[PDB]
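Reading the structure
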Amino acid sequence: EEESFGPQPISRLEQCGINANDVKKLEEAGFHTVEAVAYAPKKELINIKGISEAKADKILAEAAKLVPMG
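Below or above, wherever it landed, is the structure these notes cover. (Residues numbered from 1 in each chain as written, not as in the entry; some residues may be left out. Heavy atoms only, no water.)

Examining unusual backbone geometry
Of note, the phi angle at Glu3 is positive, near 60°, even though the residue is not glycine. For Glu3, the position within the fold is in the segment before α1 (10–15). One non-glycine residue, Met69, lies in the positive phi region at around 40°. By the secondary structure assignment, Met69 is in the segment after α4 (55–66). (Helix = DSSP H or I, 4+ residues; strand = E, 2+ residues; numbered from the N terminus.)

A closer look at the side chain of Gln8
Following the sequence through the fold, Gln8 ends up in the segment before α1. Judged by relative accessible area, which is 2%, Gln8 ranks as buried. Within the structure, the side chain of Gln8 is placed 3.3 Å from the side chain of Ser4, a separation counted as a polar contact. (Buried < 20%, exposed > 50% of the residue type's maximum accessible area, 1.4 Å probe, protein only. Polar contact = N/O pair within 3.5 Å; in protein donor to acceptor, adjacent residues only side chain to side chain.)

Describing α4
With 12 residues, α4 extends 16 Å between its outermost C-alpha atoms, agreeing within 8% with the 16 Å of an ideal straight helix rising 1.5 Å per residue. Taken residue by residue, α4 has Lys55, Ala56, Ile59, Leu60, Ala61 and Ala63 as its buried positions. At its buried positions, α4 is contacted by α1, α2 (20–27) and α3 (42–46). (Expected span 1.5 Å × (residues − 1). Contact = heavy atoms within 4.5 Å.)

This is the structure we're talking about:
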């Protein structure tokens, strides 16, 4: 699978302390939440520290499989 076209409530995912995301994903700005696919593509946020699907993907993947709709 690649990217996601559904919900992106990654908040509890990385905001609660997932992988590297929490640290950089939400710190450089605050993408710890749907932000993953709202205004900028996870590839843009990660561009901060210089990551990419690294932490971003690790989330949209584990999230869509653990926080589907609700």
